[PDB]
């Protein structure tokens, strides 16, 4: 059954929803859909009350106050949330010890545009594959989906396809995949990507990006063959959108039957 995997994005110490492809910190501010002074713990507690497991908190960018904010969410819902944003071999265990169920990684395991297998094996040695989520967010490039790194500001040379997902599944508990081109834009999902994930992921996989109306959740079911879980950010009423969080929760609970 498809699960709603909720999110909390933290940028410069604040809960925000942004258009991720407009983050330009590797070298105009990002387009911001929503920002709040509300503690990330309040969102974590909301998700906990509704029984949503396996959501993710993202520490977007290098500001140290974003780390402090993310720990507020993990402490409010221990075991309930995955955490990502600049995770590496030096800090990955510390996030598990703050209450995260998993750490989410992309950039640390890429160098020279290639998968760095030694770094991947280092993370697996430290936290175990059961507590590692590999994020394979991607953009279509030359007819294939290319995994993008460095907060979606660099194309890797690794394609998201059947053989890559089969191989990387030996090192991760789940995959998280953002449709980078559609994310944050409230224009709908990338059904081609969802279908690829549902057909070829041997482990749980969560798609994120562009879910805007209830019918998009049904498109997730159909394109993904009920094999792909789904995150909603910008469109949710609690993040300034028009799609009611309460209606997405009820839809999630209806999948369990």
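Positions refer to the first chain, counted from 1.
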- Message: Gap size between residue 27 and residue 28, counting deposited residues with no coordinates: none, 1 to 3, 4 to 9, or 10 or more?
- Response: 4 to 9
- Per the PDB record, is the mean Cα temperature factor higher over 129 to 137 or over 109 to 117? 109 to 117
- Message: Quick check on the record: does 118 to 126 or 91 to 99 carry the larger mean Cα temperature factor?
- Response: 118 to 126
- Listed options 83, 71, 182, 177: highest C-alpha B factor recorded at 71
- The third of the chain into which the C-alpha temperature factor of residue 162 falls is the highest
- Task: Determine, from the deposited record, the chain-internal third of the Cα B-factor for residue 5: lowest, middle or highest.
- Result: middle
- Determine, from the deposited record, the chain-internal third of the Cα B-factor for residue 78: lowest, middle or highest. lowest
- Note on the structure: In terms of its chain's C-alpha B-factors, the third that includes residue 19 is the lowest
- Could you tell me which third, lowest, middle or highest, the C-alpha B-factor of residue 204 occupies within its chain? middle
